């Protein structure tokens, strides 16, 4: 089947795209393979902002044999000049016979323009092959470019009885869960937390450990601290790397002098739009306490909740994970369960609102 061969090669391209997962932000993960007479002649992936696009690497490998070949690309070749020349033009120049595209461009202001340039040159273009699987490569980018809002993941860690701490915030989950969290942080443009967490935990919320990846190649998440009374202590550990920190609160000259980006107090929905529009942050991880976590949930600002549950009971006086006060069952916040996995002694659920 010609469809199944197209799917076979696009799946190779989707695999290449994953080599950049942690280093591409704000740019999309993109793979590309070039195939001729059923033979692979060029592979490429986008490693990092400012570096060449996937198609460019793949063509450099393919060389002159790219003429008459088929290019499989997980995303629509670009039609504009920025830090690099446009990919649609490179494919034309290489005189490929056919370009197969998984996802069209999510930005409505440019969508279809790359394909159009291919149509004009007489290049065969078919679109939609393994689109579902390719979309999983770019949940944040695709959402942010099509709607102006980032993809938001809420992380929570609790006991079996749904508690996050004793009455006084003494603290559940183990090292396997901690390692898993590294992955979620490393695909995020920002980790959002509240001042309460920073004061209680003195956390860094950064990426320090990943499987099969050198941490120096990681594009680190910005640490976004919601601090409405401007209480962030200057000695906080989260401030050792100040240029990757943003504080939402009353303007403090101490913070500006350190290079910390300061945001005016704004509604959570507006905050998310700001991060996407002004700061190119398309994947957000929330790592916060009950109050801030519940605010995001109740305002309907969560795309996915990642819940770590530890095999322990903390009792009815320990801190509730979700602090809404509901009366009737009809008010419950129901989610669709995607999956559950075991992480040593903990478990992790992934959940999508309904």
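Residue numbers count along the first chain shown, from 1.
Next item on the list: Look at the stretch from residue 171 to residue 172 and count the residues of the deposited sequence that the entry does not model, then pick none, 1 to 3, 4 to 9, or 10 or more.
Entry: Unresolved stretch here: 1 to 3 residues.
Next item on the list: Return whichever of 320 to 328 and 295 to 303 has the greater mean Cα B factor according to the PDB record.
Entry: Comparing 320 to 328 with 295 to 303, the higher average CA B-factor belongs to 320 to 328.
Notebook entry, point to check: Is the mean CA B factor in the deposited entry higher across 23 to 31 or across 304 to 312?
Noted result: It is 23 to 31 that shows the higher mean C-alpha B-factor.
Next item on the list: Just grab whichever of 101, 198, 213, 156 has the top CA B-factor as deposited.
Entry: Highest CA B-factor of the listed options: 101.
Check: Say you rank 223, 83, 269, 231 by Cα B-factor from the PDB entry; which sits at the top?
Finding: The record points to 83.
Next item on the list: Taking the values exactly as deposited, rank residue 161 by C-alpha B-factor within its chain and report the matching third: lowest, middle or highest.
Entry: For residue 161, the deposited C-alpha B-factor lands in the lowest third.
Notebook entry, point to check: Lowest, middle or highest third: where is residue 43 by C-alpha B factor in its chain?
Noted result: Residue 43: CA B-factor falls in the middle third of its chain.
Item checked: Assigned third (lowest, middle, highest) for the C-alpha B factor of residue 189 -> It belongs to the lowest third of the chain when residues are ordered by C-alpha B-factor.
Next item on the list: State the tercile, meaning the lowest, middle or highest third, of residue 72 with respect to the CA B-factors recorded for its chain.
Entry: Residue 72: CA B-factor falls in the highest third of its chain.
Checklist line | CA B-factor ranking of residue 89, expressed as a third of its chain | finding: Answer is highest: the recorded C-alpha B-factor places it there.
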